[PDB]
Amino acid sequence: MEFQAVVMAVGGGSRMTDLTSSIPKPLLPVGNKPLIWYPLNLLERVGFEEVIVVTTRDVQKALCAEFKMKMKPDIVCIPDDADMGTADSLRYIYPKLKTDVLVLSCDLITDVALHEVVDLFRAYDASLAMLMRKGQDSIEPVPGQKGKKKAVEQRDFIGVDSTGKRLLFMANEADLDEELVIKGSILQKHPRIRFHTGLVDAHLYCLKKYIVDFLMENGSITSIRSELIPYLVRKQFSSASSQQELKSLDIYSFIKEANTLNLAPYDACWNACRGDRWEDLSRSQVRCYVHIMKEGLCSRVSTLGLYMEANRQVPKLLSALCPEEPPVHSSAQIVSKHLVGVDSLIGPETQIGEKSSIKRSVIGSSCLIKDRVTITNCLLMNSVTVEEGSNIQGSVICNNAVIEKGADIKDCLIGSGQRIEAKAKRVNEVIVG
Amino acid sequence: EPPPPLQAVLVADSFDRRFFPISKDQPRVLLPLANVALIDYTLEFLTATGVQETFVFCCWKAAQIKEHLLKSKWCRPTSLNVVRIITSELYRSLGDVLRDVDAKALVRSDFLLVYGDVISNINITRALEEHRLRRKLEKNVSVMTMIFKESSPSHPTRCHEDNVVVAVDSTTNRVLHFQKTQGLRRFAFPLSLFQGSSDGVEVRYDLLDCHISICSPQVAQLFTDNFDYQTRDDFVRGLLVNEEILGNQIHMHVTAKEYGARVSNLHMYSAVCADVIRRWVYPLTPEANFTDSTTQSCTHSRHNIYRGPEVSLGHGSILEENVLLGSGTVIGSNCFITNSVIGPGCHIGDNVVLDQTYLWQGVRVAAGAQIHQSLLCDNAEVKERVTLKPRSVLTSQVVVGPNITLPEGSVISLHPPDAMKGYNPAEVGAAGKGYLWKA
Amino acid sequence: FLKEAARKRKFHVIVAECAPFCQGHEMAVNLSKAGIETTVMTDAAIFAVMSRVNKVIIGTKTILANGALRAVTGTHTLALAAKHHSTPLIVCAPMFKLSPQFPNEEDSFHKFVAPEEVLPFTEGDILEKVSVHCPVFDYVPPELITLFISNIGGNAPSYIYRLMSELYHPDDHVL
Amino acid sequence: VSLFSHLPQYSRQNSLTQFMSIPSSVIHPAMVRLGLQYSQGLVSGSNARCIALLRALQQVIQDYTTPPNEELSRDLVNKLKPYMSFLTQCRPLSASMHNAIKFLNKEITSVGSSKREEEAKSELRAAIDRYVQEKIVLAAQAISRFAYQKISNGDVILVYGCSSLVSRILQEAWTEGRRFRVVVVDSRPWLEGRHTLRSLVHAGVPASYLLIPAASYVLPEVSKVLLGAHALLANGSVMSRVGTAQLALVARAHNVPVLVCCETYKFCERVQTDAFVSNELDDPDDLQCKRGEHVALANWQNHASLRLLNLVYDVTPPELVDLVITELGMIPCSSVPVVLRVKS
Amino acid sequence: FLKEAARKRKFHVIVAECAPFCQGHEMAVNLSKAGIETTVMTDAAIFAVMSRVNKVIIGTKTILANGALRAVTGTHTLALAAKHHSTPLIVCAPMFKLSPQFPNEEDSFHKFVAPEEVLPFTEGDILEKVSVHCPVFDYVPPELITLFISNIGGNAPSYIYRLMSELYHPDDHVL
């Protein structure tokens, strides 16, 4: 065995505040199947057959035997009294951990090949390996967050070696005031470095067991994304004899194994280590590597804009990874099978009336619409009720919403099982349901 | 339509006091490096690269400079480079020089600007073409093109005083921040850079400055509007601070397969001499005799040994490697000379050890001496049973008595000890002549 | 010489690069453009390949009085390897490359260039106690040459002396 | 090249882990890592690779479970083969690896079925550790002590390429209080002598550096030639990196003795009469020169008649070698077979 | 040895007639029947064609202690010309042809036969004053042999001595 995958689901992550419509995120089924499916699915494609999930009981409902897939999840019901981060969340599950871990959050819709990251982990014997993507422009129709009033975001700076494989510097703008500060000794070993500011994190960390062992002894750390990784990248450059027992037994103490350089006194470096200087890995034990992806699909579900941006393109990926699931379902009764788009998904028990003008949109289960309907750039599911004369253009519907005659709604999302009166619409939800 | 012929500006004044146990006697540009005057290398380089007209500015001890230049081979009618001499007693810095140049309206197109101590073999056709294309596509946005050489941060030719750090746009070479690194342990960079581009910022610490630049006439104007500018560093910093409008951008060109350096103190002087001996700058070796002088010729042998004419050698003497001997030198028996340069007309006794030393013309050394890493000026003399510790300097006509052992860092000169007392027998020994300039 | 013969017959050519400045690449490219089988191979494997070669044809820079050669660097080892297998050697050179001098001066015989070609300047302090030597030309004794092809015919190396006697007056040997 | 078309050609940019399952597979993860490192070329050297392979084999032997009825004696032998077939696919093996294979297979077969699993595991680990300790380090120390007696003050020693044994011998001799200087010769598909140059400069020894084609220029000054080896053939020839035979021939032409140092566990049983046939080819794209704008051989596949050759090995006859130093002493080259394998 | 390898690859074989018994014709015919290219020529053209030969393979009648050979008449010259081109020479022989003798006296080394084979009897006018000699066997020094192939493997000529010491007791060297 090599890895022991861990997929935590305590809430939606760490930024639940900006996106909470009506229901808990981990069980959110927008996009037909629930989000927590796609991570697991990829773990099935590579070859993994066991996934450990940490979540609350309410999300755990029906999940014990929902599917009979190859995985045999060992679900541990975390107490719901408090919502604390991942640091001691990993500590709670320590007795069940045996080998190296692959921490993965229940937010990715990634389609990357995992072989590259594990190849980097294996080849260089790294102590950490991350995944990030080039910061893509958020160009899309406005999610209707009052149409305006967008704030600023604290940027992050990543300084990477010229070859773009080894991480050398990383910081956030929050603590920094007006300028960076370089150690000076780093430049004497890496004369030229590059800087990146527009990037997106993927939260696919690969860690060694010594990292967990060091973490268990110090409860001060609360989030790995904000406290552990900066500490590691800072300490990787500090020499064993630097200038600022009973010091929490720093990571260097919890190292009882060798690297690609410490084998024997013969293996000392006269082309026994790449032909370079003798003292390069004798003391440097903490090494970090990062693989950067230029193009593809990789994002985290935390924003209202993504709520439709992802669903606008997930039909293509779903058809790519599933060749036996047509967009239409067997339990679909469409009167007008001539105005249907190619990526027009329809679920079971879906009643369709005449003039089924559907395209670039998703239809769910137990759906009811009537004649004179034109739904475009929209998604809706979970037992909706619609009468004749409703024109929909980007109006997301959650569940149990009744639509009256002549109700033409554009880009306004409605949920909470609330009825909608005739000839009423707005640019966005405003009152949703 | 071809562009006007290339023109160069030469500054032949140091405007500093980093060579002042010695410069009271001779100006800096007339110091003998590898038995050749230090002003010849710059003129040879400027002639080779393709410059067709040169201006020279001299303020301090201009008479000797004029005398030396009038006998050179670049003032002959057959030379393709014309030398014009302009001298004045009001020059205090480079700013005054450029203000006078603008007032007299000499340069009319792109030109070169250099000091009087630069050793290089760089061809600048590509850099000139790049600058011309840049200033043709746009309108007066770039006003300079600095020159750097790629090197490691541990070479023995990188003094602590000259080290710099730069910030570079990767796509088009453009300097966004340029800072000295003397007396600092941590470097700071303003955040306003990163808001400009996305992934173009690079931090470079592997560049060596050659003090060679390609300037446009507009630069002259910028040295008259700002009356406070006095050096090139002030100009660069002021341009990089005021980013409002006009003459803003500055570009850099980095070479990798050529050579270029400047001499500013004893350490870099020694490094440059050592690099020149070992054929690192070769279109120009001591065998070439580019000065066209009849008294400077030599023959090359194994292990980098150069021998002048008529030189006589004794029995049992051994020369290891990297040695230069001027004409007229006489050497005794059972000597040991390594990594040394000896001027013309010198007499040396027996059982002498010279290691990384430098002797100038007309120097006599007595038998039974040991010398390490020291410089001797004209007409010096050393008696018997003398040992000079590393980093020793003796100026003109200085005599050192016998049975003495100077400590490290000793400096002796015939000029007033600290600016009428008898010579101390404790300092310069018996029959010595000089005062200890310890400071 | 090879292009003229390639018009009627078929053969295979092996080119060895000289690697202070790789120039055999251009020769191989030009030979391949004409439609001749070519192979490029580094200097290190000259000896291991000699067992499959039929002839050696080379140029030169200067021809000395006693038949010695001033060639590019690496020709001495090639001549020794060819002699080890008794393979014939041929030199192609016109008449204006003959000089009335003997190999006695040495020193300036070779031609040294900057050590930048061998060791890059970016090696750091290691370039403070290491000596680098980069010669260009090489001397070849006349016992390793079989034939001379000139603009008048083929001659043995011993005939060259006679040629000199009808080319230059002995008075003007030293300018 | 039809002359060497018999040998296979492989590139170093063909990933083999793309189609392998991520959380372990039939191949043990240690072999996956070792093959990845071999293919990436991060572990080079005739002796380090053997140590790494033996460490990986120890790791695999640590984690093993006996089948319910099948004895481990044949089970382990049958199980080991696919791993090393995969390793051969990654990169061709060397003589030391083959000898280690033979020794390990003999040890595995020789075990008895009466013992338990733990006893067998401990015995195998102890045997592997003893083999590594005895056949590498002590032999190197003995060879260095033997060779210390042929270095004198004022000598000039010539070395080629990179070899750990030569560097160890030279550094020990210098520490012992002898004064000399060294000359380094380099070839240009790899430039491997810079490691030796750096080690010698750091140790505090004067040195000179040059390329192979100028070898005839400096041989008048040299007094001794010291060389390593990769394998020893049955007839007495020596197999090493390409270019050693040229140095031997020119040194013979200039009357300079040649010494060869090698360990006794690299003795093969093959017979070869020429420096051809059984060799290994390499990637032909590394010969491309980067000289300013002029970049020839780029897209060389466009031309039909253009071929690039890249040899790795070269055999030297025993008529150009004057002395061989092993852990058992110093012997003439022609007497290698009569002592090395006469114990059989 | 040749017929075994002929089943896979193709090559060319040249056979010398070995006058005056001329037994090379039989081998030429036998190898031609198996489907291999062959060429027959007289003894005198051995040196003229040696420049186009890759290997030489022969047998032997006896093997002496120091590695010397006792072979057919024309072998010695054949060994010399190969040495002129550094072409390897291979001897194929089993292990019962090894003898613990040394080349001290050559009175019994060669074998002489009637002069009928060289000069016929029908020249009776001048046969009273001409002496004819017809040797059969021939001596070859050990410096001209590269490899020995037997039912054990390949060995150098130096190893032969060791084999002797493990095959015959030193007492029974002289019967």
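Letters A, B, C, D and E name the chains as they come in the text, with residue numbers starting at 1 for each one.
The definition used in the following text is that a residue touches a chain if its C-beta (ideal position, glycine included) is under 8 Å from a C-beta of that chain, and two chains touch if they have at least 3 such contacts.
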item: Partner chains that chain A and chain D have in common; value: none
item: Most centrally placed chain - per-chain CA mean versus overall CA mean; value: D
item: Distance from chain E to chain D - Cα centre to Cα centre, in angstrom; value: 41
item: Averaged-CA centre spacing for the pair chain E and chain B, given as whole angstrom; value: 79
item: Gap in Å, rounded to a whole number, between the CA centres of chain D and chain C; value: 35
item: Multi-chain contact residues (two or more partners), chain C; value: 84, 131
item: Residues of chain D whose C-beta touches two or more other chains; value: 198, 274
item: Touching two or more other chains - residues of chain B; value: 152-153, 206
item: All touching chain pairs, where touch follows the definition stated at the start; value: A-B, A-D, B-C, C-D, C-E, D-E
item: Interfacial residue positions of chain E with respect to chain D in the complex; value: 88, 146-147, 153-156, 158-159, 162
item: Residues on chain C engaged by chain D in the complex (per definition of touch); value: 18-22, 25-26, 28-29, 32-33, 35-48, 51-52, 73-74, 76-77, 80-81, 84, 110, 118-119, 126, 129-135, 138
item: For the chain B and chain C complex, residues of the former touching the latter; value: 149-156, 206, 256-257, 278-282, 299-301, 303-304, 321
item: Interfacial residue positions of chain C with respect to chain B in the complex; value: 107-108, 112-116, 121-125, 127-128, 131
item: In the complex with chain E, residue positions of chain C that touch it; value: 84-86
